[PDB]
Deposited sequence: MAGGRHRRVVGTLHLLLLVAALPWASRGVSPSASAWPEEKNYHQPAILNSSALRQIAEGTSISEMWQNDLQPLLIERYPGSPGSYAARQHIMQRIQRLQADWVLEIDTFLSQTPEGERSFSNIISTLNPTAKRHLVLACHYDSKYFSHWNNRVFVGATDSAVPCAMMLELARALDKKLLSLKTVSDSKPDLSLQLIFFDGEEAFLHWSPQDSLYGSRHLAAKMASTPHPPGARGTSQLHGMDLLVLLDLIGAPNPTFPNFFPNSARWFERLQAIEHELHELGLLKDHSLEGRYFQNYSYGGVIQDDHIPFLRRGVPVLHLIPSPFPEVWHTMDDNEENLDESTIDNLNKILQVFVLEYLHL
């Protein structure tokens, strides 16, 4: 019955003083300089930047005190440009814990031939989501380090996934997109979890996949996409509302709130799809509408909004602590 524990799992909700501490514990300027700026480079698969992006994400995780276990899931696949190597980065606390909350984004940038003297760096898409995950790891390090301590009083921890090869090379289709995610979901589906078990796979182990994409533009609006994760999306609305009311958000009004009551009339393709189709519950933190700059050379650092990202960092960090009971 352990694979059903996720259906009954409740948050341990932070009080006001805890919320203030979380809000004070994250640094948007430190993220900007140390986590975000190095990723703002061309990083399509096999490019020098793909290698540098990968190294940057690993080193940043390595310096932290929490007991993160890193693994590079490297594979080859045919593409419209010929065979390419892809590498998902998986960073895991407590890898033998039966359950994990999983946060994810893609670290590859879409390939574009250079227009004027300009290159596409996918600032919202998804360098900012990567940086937010790294800042989350750093900001919560002391709290996460406590998961190293084994206790009677759930068998639940945290995993981060930075997918390679989310983007189409040429034209989005089932076969030219989601190379990293289709590979990893397939592997996890085939892999026993916990080790030695019968029946259960690493996908049963995924409580919830929180997939960040297209984050960093001002005034984003996120639909509540899926009934099976609606209660968790509702927690994000309430965290946002509470942080607002306590004066812990910046340049944020109730009218301009991010997390919306409405859903979306269509299906958005992204890295969650190969997990969702195999039954994993997904919280897809991608906005509708997409950033105005989407898939334009304008998806760049100048067009990011610092306050928005700092606000969303606070809300995500609170969510994660509440989910993990920390």
Stretches of deposited sequence not represented by any CA atom are 1-34, 188
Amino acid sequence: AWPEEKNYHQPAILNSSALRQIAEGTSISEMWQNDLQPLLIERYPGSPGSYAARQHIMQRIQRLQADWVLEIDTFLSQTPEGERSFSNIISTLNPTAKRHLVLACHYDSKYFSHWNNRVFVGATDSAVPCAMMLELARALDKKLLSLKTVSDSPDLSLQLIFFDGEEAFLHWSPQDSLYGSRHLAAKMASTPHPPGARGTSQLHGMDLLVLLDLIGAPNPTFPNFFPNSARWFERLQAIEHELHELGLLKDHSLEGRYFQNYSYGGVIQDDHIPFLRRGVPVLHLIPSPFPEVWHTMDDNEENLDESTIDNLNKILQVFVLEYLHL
From here on, numbers count along this sequence of modelled residues.
Taking the recorded C-alpha temperature factors, which stretch has the higher mean, 285-293 or 59-67?
59-67
Per the record, averaged over C-alpha atoms, which has the higher B-factor: 187-195 or 74-82?
74-82
Per the coordinate record, which of the options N88, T200, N94, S153 holds the highest CA temperature factor?
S153
From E255, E166, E135, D125, can you pick the one with the highest C-alpha B factor in the entry?
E255
Test of reading the entry: by CA B factor among the chain's modelled residues, which third contains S181?
lowest
Report the third (lowest, middle or highest) to which the CA temperature factor of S17 belongs, ranking only the modelled residues of the same chain.
highest
Determine, from the deposited record, the chain-internal third of the Cα B-factor for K148: lowest, middle or highest.
highest
In terms of the CA temperature factor given in the entry, to which third of its chain does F275 belong: lowest, middle or highest?
lowest
In terms of the chain's CA B-factor thirds, is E4 lowest, middle or highest?
highest
